[PDB]
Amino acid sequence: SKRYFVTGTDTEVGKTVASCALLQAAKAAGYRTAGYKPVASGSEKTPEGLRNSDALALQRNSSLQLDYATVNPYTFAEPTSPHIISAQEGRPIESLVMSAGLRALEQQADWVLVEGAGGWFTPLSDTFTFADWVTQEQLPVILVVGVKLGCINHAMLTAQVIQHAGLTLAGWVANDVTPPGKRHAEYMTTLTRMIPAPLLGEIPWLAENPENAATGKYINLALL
């Protein structure tokens, strides 16, 4: 069954919005989908415990009805780096637990999308990063590029490090985080030439609730 890890050029560039588009496209293609956000920070209190908004978006965009903990085993209240809040709360983040959760989702889904947290190298402990886990799992990687000044550099940096870890950069998604600007077409051309993976699609600037917008149509899953 298909598995992809979605990373971004930084936090707040559209990993979640693009992940929802990817999931919607996969459902459209007829897959039994599941989104997985193993580690999340910046969460709200509910009667059932802490709930993170990215995990909720992935959960509602999955074709299967998934229990929250299955989508997101590790939930932290404070929106800081996972290693910091994990250490302060005395709740270690374990590779084995993250991997077990991925396997559990594969029990019922045949197309699984895993969203990272922050950018490529987000630390999970003082000696282990998110990049370490993706490398262990050998997940093909999808890069979400927020189309904005500074994204060529971040996209190139992330792509190079991914390739140097021996991993497959399966594709990239262009996310229009801001309204159209002057050098939009030139930026798209530059990113397209420089990123060594297929451009899967471009998600337009959608001001209101992009996470629930019908954005599956912007992704060409046959290029994946």
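Heads up: residue numbers just count along the shown sequence, starting at 1.
- Between the stretches 185 to 193 and 41 to 49, it is 41 to 49 that shows the larger average CA temperature factor.
- Set 119 to 127 against 91 to 99 and average the Cα temperature factors; 91 to 99 ends up higher.
- Out of 142, 147, 84, 113, it is 147 whose C-alpha atom has the highest B-factor in the PDB entry.
- Within the selection 200, 25, 207, 17, the deposited Cα B-factor values reach their highest point at 207.
- Per the PDB record, residue ranking by Cα B-factor puts residue 152 in the lowest third of the chain.
- Compared with the other modelled residues of the chain, the Cα B-factor recorded for residue 31 ranks in the highest third.
- When the modelled residues of the chain are ordered by their C-alpha B factor, residue 58 lands in the middle third.
- The PDB entry assigns residue 70 a C-alpha temperature factor belonging to the middle third of its chain's modelled residues.
- The entry lists a Cα temperature factor for residue 21 that places it in the lowest third of the chain's modelled residues.
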